[PDB]
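All residue numbers for the first sequence refer to the UniProt record's numbering, where the first residue is 299 and numbers rise by one.
One structure below.
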Amino acid sequence: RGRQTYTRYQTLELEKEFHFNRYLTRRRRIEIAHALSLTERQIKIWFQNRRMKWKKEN
DNA sequence: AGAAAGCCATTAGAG
DNA sequence: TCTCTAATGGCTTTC
Ligand code: NI
């Protein structure tokens, strides 16, 4: 498969949202997806991984 | 219900 | 070659 590298801007915006909502509703994923020029799935997967990054650091 | 979203462990593509 | 993390597959849980 192929892989896309997320810019400083995209990662920062994602991380910014994560401070407020650890989980996203479907309408908000699509918002961010458009705001960051990412697909819905990428926003879904990102938050999943970041939730995992957050549990270990606790 | 039954898809969609989650959890979680595991790969692998870029730089 | 190494490292970081985007993406994957299996299940189970949500709603
Ligand atoms: Ni069922």
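Just so it is clear, CB atoms sit at the ideal spot from N, CA and C, and this is done for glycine as well.
Within its own chain, the residues whose Cβ lies closer than 7 angstroms to the Cβ of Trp344, once the five positions on either side in sequence are excluded, are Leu312, listed in chain order. For the set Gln346, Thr305 and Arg320, the Cα lying nearest the Cα of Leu334 is the one of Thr305.
With respect to the 7 angstroms criterion, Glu338 and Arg327 are classified as neighbours on the basis of their beta carbons. With respect to the C-alpha of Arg349, the residue from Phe318, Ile330 and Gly300 having the closest C-alpha is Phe318. Using a 10 angstroms sphere on the CB of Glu315, the tally of other CB atoms reaches 16 or more, which defines it as buried. Taking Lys353 as the centre and dropping the five residues before and after it, the same chain places no C-beta closer than 8 angstroms to its C-beta.
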